[PDB]
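Encoded as structure tokens, the structure appears first; notes follow it.
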Amino acid sequence: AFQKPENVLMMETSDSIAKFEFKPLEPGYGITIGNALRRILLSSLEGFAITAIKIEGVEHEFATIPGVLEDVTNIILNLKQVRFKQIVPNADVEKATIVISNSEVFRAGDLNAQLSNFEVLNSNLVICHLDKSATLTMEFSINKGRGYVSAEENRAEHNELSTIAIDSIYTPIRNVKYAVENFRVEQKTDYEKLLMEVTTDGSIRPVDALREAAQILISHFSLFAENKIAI
Amino acid sequence: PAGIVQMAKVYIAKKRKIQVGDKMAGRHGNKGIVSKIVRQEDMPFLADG
């Protein structure tokens, strides 16, 4: 005997926030399931970000550009925070060329996702405040990765006296939930509610990430249950 | 300076992060030093994630 559940329901208030519920369960078993999911989800997914920058007329991370209200440091620092998305698979790494040449306030979505391979989710972020007359040329590199990498490792890519490497936070997830509570019939017990929540950046719906986490976890237990090589 | 002809100079700057061994403090005497950089998962997390 094994009280197997079948109730897996999705409700999906938005493109990025979703709920899930798991019904009915044998006692003390859902905590295990959910905490395993929480760890793997929040640890080991895959994303994209920007790494390298080449500004015209600046040579190092402490310069200043005429007519631009921020340092180069703050340009890099806030460029760090811009979350992205694919539209096509197989997009490995990309280089971009922005030429802002008008009396503007330079914002995120103002980035023409001019490469067909890729796009920006968060468009309404303020990169910088130009004057009426500043002219700025920038060149981007966006690449895929996992977890977190600091700057100096990204010194690998050929500074060429101009390139500045930047930090890169790759994780595509922002918040995770699970909670459990009993449900019952009169005199007969052992009904369990698991209620779970996934909050992402919008680069991918909750279902794909949840599926991938479970695929990796089953891939781990598979070897560790069947194959039994001995000493 | 009278006896010398010239003096040259260079500036060197370093951008410095945190790592284990650095010192921290607060406004009430709590001197301390960083012991371990914990990954975000296993930090004790409240009922709202």
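Letters A, B, ... go to the chains of the structure tokens in the order shown; residues in each chain start at 1; ligands are counted from 1 in the same order.
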Practice item. Starting from chain A, keep only residues with some atom at most 12 Å from an atom of chain B, counting only C-alpha atoms, and report them as a ChimeraX atom specification. Key: /A:35-44,60-62,73,147-148,150-152,167,171,174-179,196-199
Practice item. As number ranges by chain, list the residues of stretch 119-223 of chain A assigned to strand (DSSP E or B) by DSSP on the backbone atoms of this structure. Key: A: 119-120, 126-130, 136-146, 148-149, 164-165, 168-169, 173-185, 188-200
Stretch 22-127 of chain A: which residues are alpha helix (DSSP H) by DSSP, as a PDB file with N, CA, C and O atoms, in the first residue's frame?
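Once everything was written out, this is states08.pdb:
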ATOM      1  N   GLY A  30       5.908  15.470   2.692  1.00  0.00           N
ATOM      2  CA  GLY A  30       5.932  16.688   1.905  1.00  0.00           C
ATOM      3  C   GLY A  30       7.008  17.670   2.322  1.00  0.00           C
ATOM      4  O   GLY A  30       7.544  18.391   1.484  1.00  0.00           O
ATOM      5  N   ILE A  31       7.292  17.768   3.623  1.00  0.00           N
ATOM      6  CA  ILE A  31       8.386  18.636   4.056  1.00  0.00           C
ATOM      7  C   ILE A  31       9.654  18.251   3.327  1.00  0.00           C
ATOM      8  O   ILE A  31      10.374  19.098   2.791  1.00  0.00           O
ATOM      9  N   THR A  32       9.932  16.953   3.285  1.00  0.00           N
ATOM     10  CA  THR A  32      11.063  16.456   2.523  1.00  0.00           C
ATOM     11  C   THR A  32      10.992  16.921   1.079  1.00  0.00           C
ATOM     12  O   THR A  32      11.939  17.535   0.556  1.00  0.00           O
ATOM     13  N   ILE A  33       9.856  16.666   0.427  1.00  0.00           N
ATOM     14  CA  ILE A  33       9.756  16.964  -1.000  1.00  0.00           C
ATOM     15  C   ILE A  33      10.043  18.440  -1.240  1.00  0.00           C
ATOM     16  O   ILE A  33      10.894  18.819  -2.060  1.00  0.00           O
ATOM     17  N   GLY A  34       9.358  19.290  -0.481  1.00  0.00           N
ATOM     18  CA  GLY A  34       9.415  20.718  -0.717  1.00  0.00           C
ATOM     19  C   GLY A  34      10.757  21.329  -0.387  1.00  0.00           C
ATOM     20  O   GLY A  34      11.235  22.205  -1.106  1.00  0.00           O
ATOM     21  N   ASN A  35      11.372  20.908   0.714  1.00  0.00           N
ATOM     22  CA  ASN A  35      12.645  21.510   1.064  1.00  0.00           C
ATOM     23  C   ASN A  35      13.715  21.104   0.068  1.00  0.00           C
ATOM     24  O   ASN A  35      14.579  21.920  -0.282  1.00  0.00           O
ATOM     25  N   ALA A  36      13.644  19.876  -0.451  1.00  0.00           N
ATOM     26  CA  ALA A  36      14.545  19.511  -1.538  1.00  0.00           C
ATOM     27  C   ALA A  36      14.336  20.419  -2.747  1.00  0.00           C
ATOM     28  O   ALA A  36      15.302  20.926  -3.344  1.00  0.00           O
ATOM     29  N   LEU A  37      13.075  20.647  -3.119  1.00  0.00           N
ATOM     30  CA  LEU A  37      12.827  21.516  -4.263  1.00  0.00           C
ATOM     31  C   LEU A  37      13.345  22.922  -4.016  1.00  0.00           C
ATOM     32  O   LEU A  37      13.935  23.533  -4.909  1.00  0.00           O
ATOM     33  N   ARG A  38      13.118  23.459  -2.820  1.00  0.00           N
ATOM     34  CA  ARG A  38      13.548  24.821  -2.528  1.00  0.00           C
ATOM     35  C   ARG A  38      15.046  24.959  -2.686  1.00  0.00           C
ATOM     36  O   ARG A  38      15.531  25.870  -3.367  1.00  0.00           O
ATOM     37  N   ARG A  39      15.801  24.052  -2.074  1.00  0.00           N
ATOM     38  CA  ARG A  39      17.243  24.125  -2.235  1.00  0.00           C
ATOM     39  C   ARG A  39      17.642  24.094  -3.700  1.00  0.00           C
ATOM     40  O   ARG A  39      18.355  24.989  -4.173  1.00  0.00           O
ATOM     41  N   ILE A  40      17.176  23.098  -4.454  1.00  0.00           N
ATOM     42  CA  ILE A  40      17.714  22.986  -5.809  1.00  0.00           C
ATOM     43  C   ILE A  40      17.286  24.169  -6.667  1.00  0.00           C
ATOM     44  O   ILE A  40      18.095  24.721  -7.423  1.00  0.00           O
ATOM     45  N   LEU A  41      16.022  24.583  -6.570  1.00  0.00           N
ATOM     46  CA  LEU A  41      15.559  25.739  -7.329  1.00  0.00           C
ATOM     47  C   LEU A  41      16.413  26.959  -7.048  1.00  0.00           C
ATOM     48  O   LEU A  41      16.946  27.588  -7.967  1.00  0.00           O
ATOM     49  N   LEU A  42      16.576  27.294  -5.775  1.00  0.00           N
ATOM     50  CA  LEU A  42      17.217  28.548  -5.430  1.00  0.00           C
ATOM     51  C   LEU A  42      18.727  28.479  -5.559  1.00  0.00           C
ATOM     52  O   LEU A  42      19.392  29.508  -5.428  1.00  0.00           O
ATOM     53  N   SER A  43      19.290  27.308  -5.846  1.00  0.00           N
ATOM     54  CA  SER A  43      20.739  27.204  -5.933  1.00  0.00           C
ATOM     55  C   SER A  43      21.291  27.192  -7.352  1.00  0.00           C
ATOM     56  O   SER A  43      22.232  27.929  -7.642  1.00  0.00           O
ATOM     57  N   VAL A  72      32.005  56.628 -14.338  1.00  0.00           N
ATOM     58  CA  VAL A  72      31.925  55.364 -15.055  1.00  0.00           C
ATOM     59  C   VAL A  72      31.646  54.240 -14.077  1.00  0.00           C
ATOM     60  O   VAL A  72      30.995  53.243 -14.427  1.00  0.00           O
ATOM     61  N   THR A  73      32.090  54.393 -12.831  1.00  0.00           N
ATOM     62  CA  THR A  73      31.829  53.368 -11.830  1.00  0.00           C
ATOM     63  C   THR A  73      30.337  53.114 -11.687  1.00  0.00           C
ATOM     64  O   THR A  73      29.894  51.964 -11.700  1.00  0.00           O
ATOM     65  N   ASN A  74      29.542  54.176 -11.554  1.00  0.00           N
ATOM     66  CA  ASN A  74      28.111  53.974 -11.367  1.00  0.00           C
ATOM     67  C   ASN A  74      27.438  53.459 -12.631  1.00  0.00           C
ATOM     68  O   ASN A  74      26.469  52.703 -12.538  1.00  0.00           O
ATOM     69  N   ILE A  75      27.931  53.834 -13.813  1.00  0.00           N
ATOM     70  CA  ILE A  75      27.414  53.228 -15.039  1.00  0.00           C
ATOM     71  C   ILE A  75      27.575  51.722 -14.985  1.00  0.00           C
ATOM     72  O   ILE A  75      26.626  50.969 -15.230  1.00  0.00           O
ATOM     73  N   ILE A  76      28.778  51.256 -14.665  1.00  0.00           N
ATOM     74  CA  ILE A  76      28.993  49.817 -14.591  1.00  0.00           C
ATOM     75  C   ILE A  76      28.139  49.206 -13.487  1.00  0.00           C
ATOM     76  O   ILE A  76      27.492  48.165 -13.677  1.00  0.00           O
ATOM     77  N   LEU A  77      28.095  49.862 -12.330  1.00  0.00           N
ATOM     78  CA  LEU A  77      27.389  49.308 -11.185  1.00  0.00           C
ATOM     79  C   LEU A  77      25.911  49.114 -11.480  1.00  0.00           C
ATOM     80  O   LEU A  77      25.332  48.090 -11.111  1.00  0.00           O
ATOM     81  N   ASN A  78      25.271  50.083 -12.125  1.00  0.00           N
ATOM     82  CA  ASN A  78      23.857  49.891 -12.410  1.00  0.00           C
ATOM     83  C   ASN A  78      23.634  49.041 -13.651  1.00  0.00           C
ATOM     84  O   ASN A  78      22.608  48.367 -13.743  1.00  0.00           O
ATOM     85  N   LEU A  79      24.569  49.030 -14.604  1.00  0.00           N
ATOM     86  CA  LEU A  79      24.464  48.068 -15.689  1.00  0.00           C
ATOM     87  C   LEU A  79      24.463  46.651 -15.162  1.00  0.00           C
ATOM     88  O   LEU A  79      23.922  45.747 -15.802  1.00  0.00           O
TER      89      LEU A  79
END
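One finds atom CA of residue A:125 at 15.5 Å from atom CA of residue A:49.
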Review point. What's the 10 Å shell around residue A:146, counting only C-alpha atoms, without same-chain residues fewer than 2 positions away, as a list in words?
Key: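 The contact residues come out as residues 43, 44, 45, 46, 47, 48, 144, 148, 149, 168, 169, 170, 171 and 172 of chain A.
Take the candidates A:24, A:94, A:50, A:217 and check each one against residue A:116 using only C-alpha atoms; the shortest distance goes to A:94.
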Exercise for review: Give me the residues within 9 Å of residue B:19 as a PyMOL selection string, counting only C-alpha atoms and dropping any in the same chain fewer than 6 places off.
Suggested key: chain B and resi 34+36-37
Review point. Which polymer residues have any atom within 8 Å of an atom of residue B:33, counting only C-alpha atoms, with same-chain residues fewer than 3 positions away left out, as a PyMOL selection string?
Key: chain B and resi 21-24
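Counting from atom CA of residue A:139, the distance to atom CA of residue A:111 is 11.1 Å.
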